[PDB]
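We did not get these values from a lab; they are worked out from the coordinates using the rules stated. We place every Cβ from the backbone using ideal geometry, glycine too, and count neighbours over all the protein chains shown.
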Amino acid sequence: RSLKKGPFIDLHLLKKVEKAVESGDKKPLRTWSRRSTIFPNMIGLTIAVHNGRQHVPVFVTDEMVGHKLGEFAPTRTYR
Amino acid sequence: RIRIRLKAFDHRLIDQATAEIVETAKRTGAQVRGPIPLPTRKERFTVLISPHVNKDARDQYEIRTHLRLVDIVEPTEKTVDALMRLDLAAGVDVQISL
Amino acid sequence: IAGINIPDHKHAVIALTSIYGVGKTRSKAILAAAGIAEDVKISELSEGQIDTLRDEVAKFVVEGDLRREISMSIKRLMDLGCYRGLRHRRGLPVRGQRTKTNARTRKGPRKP
Amino acid sequence: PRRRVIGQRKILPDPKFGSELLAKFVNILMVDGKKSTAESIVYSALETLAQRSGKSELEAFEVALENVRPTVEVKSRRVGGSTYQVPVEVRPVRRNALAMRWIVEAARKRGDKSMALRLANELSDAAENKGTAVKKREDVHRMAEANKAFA
Amino acid sequence: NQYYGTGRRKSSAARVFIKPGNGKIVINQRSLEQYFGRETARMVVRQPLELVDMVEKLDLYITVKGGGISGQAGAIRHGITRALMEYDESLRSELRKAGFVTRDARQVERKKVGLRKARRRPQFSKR
Amino acid sequence: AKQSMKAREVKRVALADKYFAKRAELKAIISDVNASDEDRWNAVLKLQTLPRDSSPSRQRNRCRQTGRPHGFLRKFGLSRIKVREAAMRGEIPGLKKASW
Amino acid sequence: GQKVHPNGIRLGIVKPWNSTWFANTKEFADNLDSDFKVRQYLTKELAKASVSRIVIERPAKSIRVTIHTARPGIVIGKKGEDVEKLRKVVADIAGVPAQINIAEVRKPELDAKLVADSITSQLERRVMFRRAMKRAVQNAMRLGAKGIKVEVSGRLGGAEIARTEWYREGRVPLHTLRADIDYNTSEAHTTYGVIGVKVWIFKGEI
Amino acid sequence: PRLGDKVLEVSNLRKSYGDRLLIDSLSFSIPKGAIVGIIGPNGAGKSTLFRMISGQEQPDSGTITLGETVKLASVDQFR
RNA sequence: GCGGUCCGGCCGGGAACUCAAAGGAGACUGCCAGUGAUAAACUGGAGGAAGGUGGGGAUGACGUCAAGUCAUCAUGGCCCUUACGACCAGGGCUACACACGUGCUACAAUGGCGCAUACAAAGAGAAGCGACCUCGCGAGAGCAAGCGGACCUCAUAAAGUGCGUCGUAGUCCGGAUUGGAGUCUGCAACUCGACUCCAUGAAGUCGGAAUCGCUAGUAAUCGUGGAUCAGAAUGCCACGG
Ligand SMILES: Nc1ncnc2c1ncn2[C@@H]1O[C@H](COP(=O)(O)OP(=O)(O)OP(=O)(O)O)[C@@H](O)[C@H]1O
Ligand SMILES: [Mg+2]
Ligand SMILES: [Mg+2]
Ligand SMILES: [Mg+2]
Ligand SMILES: [Mg+2]
Ligand SMILES: [Mg+2]
Ligand SMILES: [Mg+2]
Ligand SMILES: [Mg+2]
Ligand SMILES: [Mg+2]
Ligand SMILES: [Mg+2]
Ligand SMILES: [Mg+2]
């Protein structure tokens, strides 16, 4: 569904995560990279992701590692 | 030896070019293979003729590519000298093998 | 007759498909691995071979384990807060089909 | 129709039996353009009727046909804003056609076994004045008698 | 010493040789039963020379290309008809009266843009 | 057709020809069974750092005369409307009215 | 809109083509673009030259443009200098060597493109539309023509509501495929919008 | 309960008592939705047929069968 | 046809045949009889492959609906012109109590599923079609010829037939919907791709009033191709059984 080899992540979002574990837990990371998957070294972070109009924050949990950030940010609001 | 293939969009025009080419090979006197009409091609295009929504109203056009073969087999140096640079066919492409 | 539940009256290949978790090819693989003829029925099988069938089925997640496994999957997605989980909660299609006119299976029988 | 008199298509004779009468029957039982299936069913069903009747192959088909082919029929023939069906005679060509259609339709009913048997049963009942086809010919014959006033 | 006809029907073409010997047929280097006896389409192939009392005077070499089962059967039957002019045309009237001389020009219609298949209009609605 | 959009097509074609025509080692070479000792990883990341106009996907292939995105025909390079306009006055060589 | 294009329907029957070259798919699109640039530049340049037909043939990796005109000297300019300053600009727009030839038509009132062009110039010259079309029809008929139809559509004379007016003299069978029917279109950009002019000139039955 | 197309079928049914025989080589199938008027003289076997269908009697020539959807409700000649 | 055999047009070879080309002949009520106003024409017949515009396509009169398109374009007026113009990322056009139009797959035995095997036409291909072979249960992945093509590839056609089984059950019908595992293309498949494998097995047992298409290679059914297209047809456009 993604590829045989080489899981995908945007470079800018990878760099912000490495800077996070270097500087520890910090303020939420505001990113628009709804396509980049989750790595284990993002767990414990409260990164915020775009939903088209606002950055909805998502607190990364152990389970959410095989998914993508946009999977936890709905786009269209209904009722 | 050398085989000449001619493509064109007009059969009244290609038959002239292929007859002129076979004649020039025959200007050596004899021993030419004769023209061979390989099967043509009919590309077809269907386009909507309206600038807006009328899907059932459309025209269909086709481009017919007529194609002949010569296949000169006589290794006459006079033939190749008078073949290249002297056929002078316009509107019709020439391939000629070796 | 065993295999957790009861397979009845059918050819061993297709009777075994009654196991929640065994379909056409898994049942073919089981009968191949048990050395049982495909064309024979469940009433012609010896008790000295059904025990092998139990052994063969044991190498697969089946009714009790499978239905728990599926329930864990859907609940983990529902509790996850992801889009697939949200679609599971609200009952809407998850694979990304139309909801404008279709999706009567997931939505259920029509109601105004 | 409105203008002309249309031509015929002359049909092709039945392979096994040299009669075009059975060829038209195969064409009627035909569905979806599958003629090989249609002839296969007719041949098998007519063969397993030969064991049930005694007549060879074709006599046992006609004596079934002659029982379910009607003679008169009612058609809507209003005049003054009317709503009553005038009983009219059936031309000989349509008599065979109406017979074959009724047999095949009845055979597609009476679901008992594969199509080979369903056809086989119906012709045997037609050969003895009993089936749903021969019942249908009686229904139209009875509907024309009830309307015999209009002529 | 062979006599030939082509025969055509429904996008299929045939070649038939009527060389005179004992009665037998070969189609694409095999007989009808193995090649064409399928679907029992042998009646039409047999039909022309059966009417002309085929018996033991014709051995047939048959080739065919294109078209389906029935289309090839019509081509061979038409080919045999055109083939059986070596016994001079004294039988031409006796063979044409039953047909087999018409080429049967009828064939598939083009798709007819705007429709489904050449006559099948899509479903209509006033509203 | 919104000249800005025609400029976008030229900019993408300019960039698509600049990198991907010669440079193809990331998408092609690196994605084989080669050793992936973080070198496949970096070439994966290297693709992100490249400009977004990666040759095949980003272009629209619209009509040359009007810039119409829909109804394009590759044989002529025009949309359906400009093909018929040019065909009817004999611009396109060989394009007969056609029927069968 | 219900009429087929008179030129297009006869392209392989009686009328010729305007481009006569062979190209595969690789360069079929690129050629068509180049001829469009050549024709568009030629027409806008030789507007005062009364150009009727521009036919382009591409022989032997070269482009040749034949410019059918009613005033050859105005295209040649001065013993050839206008030709050379077109052959360069044409070849500099195609990227390949270009040969420019011209063909005089000694019947400018019998050519549909010239006639339609003439009527549009008068419309921009504020000539009454009835006068222009009647003059065009009479000129072609007396000059020798089996028939001619002139149709002008738009806001004729500044009328707030448009109306199509056409005038036909003689025979002009739009359905006879062997008929030598010469048809062309033009537009007039008046101050009231566009006024479109169509001209049919029937000359012979085969 | 909903009834499938296969309801009841008897094949070559035959029953006798002592030396008098009531049913001899009877075969018939009952299509669904049908009402079957069983008529005949007294003691001809009308009630014994119901006995066989309900399974309280065993025919000599067997072959009485019901579809698996069939549920039988029987009303006796005697109260 | 001729003897040749690695039995396959492979092979020298031959223009006889299918073909695929161009150029030709052919069908015009031409001939006969009858009807008809000594007519136009009609009804039959011979001959022919074809018979009365042979089949069907292009072909759409003056005009109508001030019908449809200022979002293909062109264009008169208005308008915005540090924004109604321009660039970027993300989102949306894919939503979902419902309603309608057009379709595809079915509700089975004229069938499903296994094994064996026959017969097409048309078309497309160069940052493309991609043999063979190897590895994958598969989508395919690696290596890699050939082909700008009557040569190579896409490309084993499927309904058919032969055998066996299933025996009228919501089933060995139906193949939805969900859960895992994945392949590809693409910078990237979460919103929101296609495809494969394992598991699941939902409605549906032929459809109310009403309503649609079709007159012959037509309806019905079966498969194939192409355009658009990096990927994405149950639509469209074509082809044949
Ligand atoms: N066990 C038995 N031994 C001998 N004869 C028997 C036995 N049971 C029934 N019979 C006879 O066999 C016949 C079967 O009759 P049954 O009771 O089946 O009904 P019927 O006669 O068909 O109908 P009805 O009840 O309406 O009179 C009768 O003549 C009956 O007397
Ligand atoms: Mg005749
Ligand atoms: Mg078809
Ligand atoms: Mg613009
Ligand atoms: Mg694209
Ligand atoms: Mg039109
Ligand atoms: Mg006649
Ligand atoms: Mg954007
Ligand atoms: Mg199934
Ligand atoms: Mg499955
Ligand atoms: Mg109904």
Please give every one of the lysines within straight-line cross-link reach of H:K71, meaning a C-alpha to C-alpha distance under 29 Å, and leave out same-chain neighbours fewer than 8 residues apart.
C:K10, C:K41, D:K109, D:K113, H:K6, H:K15, H:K32, H:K46
Is it possible to state the helix-based mean residue ellipticity at 222 nm for chain B, with each DSSP H run of 4+ residues giving -39500 (n - 2.57), the sum divided by total residues, to the nearest 500 deg cm²/dmol? What is it?
-7000 deg cm²/dmol
Here FRET efficiency (C-beta to C-beta, H:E9 to D:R9, R₀ 60 Å, nearest 0.05) is 0.90
The relative contact order of segment E:50-127, taking Cα pairs under 8 Å that sit 6 or more residues apart, comes to a percentage of 18
For an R0 of 56 angstrom, estimate the FRET efficiency from the Cβ-Cβ distance between F:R58 and A:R79 and round to the nearest 0.05.
0.90
How crowded by other chains is B:5-11, given as the mean number of beta carbons from other chains within 10 Å of each beta carbon?
4
Counting sequence-distant residues (5 or more places) and residues on other chains, those with an amide H built under 5 Å from that of G:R64 are G:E57, G:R58, G:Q99
Scalar couplings 3J(HN,Hα) for segment B:83-98 by Karplus 6.51 cos²θ - 1.76 cosθ + 1.60 (θ = phi - 60°), nearest whole Hz, x for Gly and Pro, are 7, 5, 6, 10, 5, 6, 10, 10, x, 10, 8, 10, 9, 6, 7, 10
For chain F, what does the relative contact order come out to in percent, with C-alpha contacts under 8 Å and a separation of six or more?
23
Assuming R0 = 56 Å, what is the FRET efficiency of G:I13 and F:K27, from their Cβ-Cβ distance, to the nearest 0.05?
0.65
Helix-only estimate, please: 222 nm mean residue ellipticity of chain C, summing -39500 (n - 2.57) across DSSP H runs of length 4 or more and dividing by its residues, to the nearest 500.
-14500 deg cm²/dmol
For E:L60, what residues show an amide H to amide H distance below 5 Å, using hydrogens built from the backbone and excluding near sequence neighbours?
E:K24, E:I25, E:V26
Where the only charges are on Cβ atoms (+1 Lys, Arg; -1 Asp, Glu), what is the dipole of segment A:15-79 about its Cα centre, to the nearest 20 debye?
480
Which whole-Hz couplings ³J(HN,Hα) result when phi for each residue of segment C:72-85 is put into the Karplus expression 6.51 cos²θ - 1.76 cosθ + 1.60, θ = phi - 60°, listed in order with x for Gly and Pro?
4, 4, 5, 5, 4, 6, 4, 6, 5, x, 7, 4, 4, x
Degrees, to the nearest 10: G:81-94 long Cα axis against longest axis of chain G:
70
So if I place +1 on the C-beta of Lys and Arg and -1 on the C-beta of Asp and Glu, and nothing else carries charge, what would the dipole magnitude of chain F be about its Cα centre? I want it in debye, nearest 20.
980
Pick out, from F:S79, F:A28, F:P51, the residue whose Cα sits farthest towards the positive end of the charge dipole of segment F:1-90, with +1 on the Cβ of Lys and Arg and -1 on the Cβ of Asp and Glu.
F:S79
For a quick check, take a GNM of chain C with Cα springs below 10 Å and name the residue from C:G21, C:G81, C:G96 with the largest mean-square fluctuation.
C:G96
Mean separation of Cα contacts under 8 Å (at least 6 apart) over the residue count of chain G, i.e. the relative contact order in percent, is 19
For chain G, what does the helix formula give at 222 nm: sum of -39500 (n - 2.57) over DSSP H segments with n ≥ 4, over the residue count, nearest 500 deg cm²/dmol?
-11000 deg cm²/dmol
In debye, nearest 20, what is the charge dipole magnitude of chain E about its Cα centre with +1 on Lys and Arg Cβ and -1 on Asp and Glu Cβ, if you could check?
1660
Taking amide H atoms as placed 1.01 Å from N in the peptide plane, list the residues 5 or more away in sequence, or in a different chain, whose amide H sits under 5 Å from that of H:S61.
H:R14
Placing each pseudo-label 7 Å from Cα in the direction of the beta carbon, F:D37 and G:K88 end up separated by a distance in nanometres of 6.3
Quick check: the angle from helix E:69-83's long axis to the longest principal axis of chain E, C-alpha only, nearest 10 degrees?
40
Along the charge dipole of segment E:31-89, pointing to its positive end and built from +1/-1 on Cβ of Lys, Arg, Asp and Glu, which listed residue (E:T63, E:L51, E:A83) has its Cα farthest out?
E:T63
What is the sum of charges around G:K113, taking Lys and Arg as +1, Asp and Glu as -1, for the other residues whose C-beta is under 11 Å from the C-beta of G:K113?
-1
